[PDB]
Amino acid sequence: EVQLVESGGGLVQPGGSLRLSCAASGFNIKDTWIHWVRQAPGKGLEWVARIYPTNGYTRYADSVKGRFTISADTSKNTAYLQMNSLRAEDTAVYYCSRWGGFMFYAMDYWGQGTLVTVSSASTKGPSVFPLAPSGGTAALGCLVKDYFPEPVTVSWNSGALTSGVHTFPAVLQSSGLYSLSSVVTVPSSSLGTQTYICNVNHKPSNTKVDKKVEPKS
């Protein structure tokens, strides 16, 4: 039950500020060191900062010095990354991580990451269109079009349909908006009788859609 959970990422304009939090359970950050590591879309890992909470000792990558500050609150078992003067190139998923035991130099548990997007563009929720299917296997899906920023999640039949599902990485259109498809393959003979629903969630715009996909008449 060692756990790190990040929050606070989202869309922020160039030059703005944002504070990330990393809530630890199953261990006390006061017994160890906490770190932030980031990863720009499609790129490698870049170490950002670390702190020894018990005495406040901090160190930073040169690329963030003077803009980011790492801190911790041992009474809340939480660490923070205050980020100011944000630039496009700070866009990334940001992970917090720890060392354990007295095993220095080994990031043994990480959080799941929180996306930070630095852009002037506005939030936009997607439109959801069916990809309609026509004793074999048929394909169907949902086109999830024109949204910003990332991410969107898609499930099928509220989680009951996971086999044969492919949800594609989004692509950035020349419009500056993202688009993605989710497809699934199913028995052709289930088509008259089995309901297929794609569940789309674009948290950034608070847009949930449940789209029934069926054979066109």
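In this text, residue numbers run from 1 along the sequence as written.
According to the entry, the deposited sequence places 4 to 9 unmodelled residues between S134 and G135.
Note on 186 to 194 vs 45 to 53: mean CA B-factor is higher in 186 to 194. Higher average CA B factor: 116 to 124, of the stretches 140 to 148 and 116 to 124. The maximum CA B-factor among the listed residues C96, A88, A106, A92, taken from the PDB record, is found at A88.
Looking at the C-alpha B-factors along this chain, the one for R38 belongs to the lowest third. Ranked against the other modelled residues of its chain, the C-alpha B-factor of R59 as given in the entry falls in the lowest third.
Among the modelled residues of its chain, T74 has a C-alpha B-factor that falls in the highest third according to the deposited record. Ranked within its chain, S155 lands in the lowest third, by CA B factor from the PDB record. Ranked by C-alpha B-factor against the other modelled residues of its chain, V171 falls in the middle third.
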